[PDB]
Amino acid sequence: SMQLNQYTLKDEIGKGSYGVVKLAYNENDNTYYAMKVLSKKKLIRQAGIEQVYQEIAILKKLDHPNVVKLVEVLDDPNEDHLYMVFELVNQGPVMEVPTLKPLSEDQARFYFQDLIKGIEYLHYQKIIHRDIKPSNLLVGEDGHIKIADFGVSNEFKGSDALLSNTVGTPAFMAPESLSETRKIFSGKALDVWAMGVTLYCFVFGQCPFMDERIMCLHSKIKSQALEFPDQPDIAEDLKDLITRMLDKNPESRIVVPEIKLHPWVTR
């Protein structure tokens, strides 16, 4: 281990888009935390950052039981490393895709309900997450999920983010974002698409559009019809919900307030 003020830093527990997350013991309050560690110089060289202080500003806005909680930032202006202490969500990611053990419909519904609550909250606070996927959804001791990894999240003003391009994990990126043609698209509808991909993963253990070849992956996202396998056989109302979330037209894609009242969600 190593010491950092009142914190004993221990094993690496995860690695998100940026930096690493360590288990950390706080000797002052005898409690464990999760600590994200970033190198300022390394982030600079990755650019070829004020983005980090934007992530911090966003996380300081958020207080919701289905979202991770930032508790402290340790940032010495004469040190390379920045440290963000979060509350520990001890059971870790809900799922890593691909997996041989998908969730049952009932368990998927439970976690999807948590995800809806977290996302509506984010969007109410004018945050788009932009990297919704099962490996970013952490299960707490209480059995509920918390949305994590705000490293590519964005704050907008007004009613929606007007994006000309976006950052995300390719398999979870909506078709409107993968065009080779200058455009503008809704930030919120991107998160919905990714929620759809995530729900599909929950019950099938794989993404609905996949290819090892990035160009074919993009092509499938934009132009391949959504298909469900023969097993596991899932309810028709769940197929309907996923089908509406993975509407390739963001203009007609189902929106969060409608997802919450969808019959699959409310049963």
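So that the term is clear: the rigid core is the largest set of C-alpha atoms that superpose within 1.5 Å between two forms. Start at 1 with the first residue shown and count on from there.
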Farther-lying stretch by C-alpha RMS in 8 other deposited structures of this protein (rigid core fit) among 184 to 192, 161 to 169: 161 to 169
Higher Cα RMS in 8 other deposited structures of this protein relative to the shown form (core alignment), 87 to 95 or 106 to 114, goes to 87 to 95
Among the other compared PDB entries, is residue 48 dropped in a third or more? yes
For the neighbouring pair residue 48 and residue 49, the stretch of deposited sequence with no coordinates amounts to 10 or more
Comparing 127 to 135 with 98 to 106, the higher average Cα temperature factor in the PDB entry belongs to 98 to 106
Comparing 228 to 236 with 57 to 65, the one whose average Cα B-factor in the PDB entry is higher: 228 to 236
Between 43, 199, 34, 217, where does the Cα B-factor run highest in the record? 43
Within this chain, which third does the Cα B-factor at residue 70 fall in: lowest, middle or highest? lowest
Taking only the Cα B-factors deposited for this chain, tell me whether residue 158 sits in the lowest, middle or highest third. highest
Going by the entry, which third of its chain does the Cα temperature factor of residue 177 land in? lowest
Residue 52 - which third its CA temperature factor falls in, relative to the rest of the chain: highest
Using the B-factor values recorded in the entry, state whether the Cα atom of residue 78 falls in the lowest, middle or highest third among the modelled residues of its chain. highest
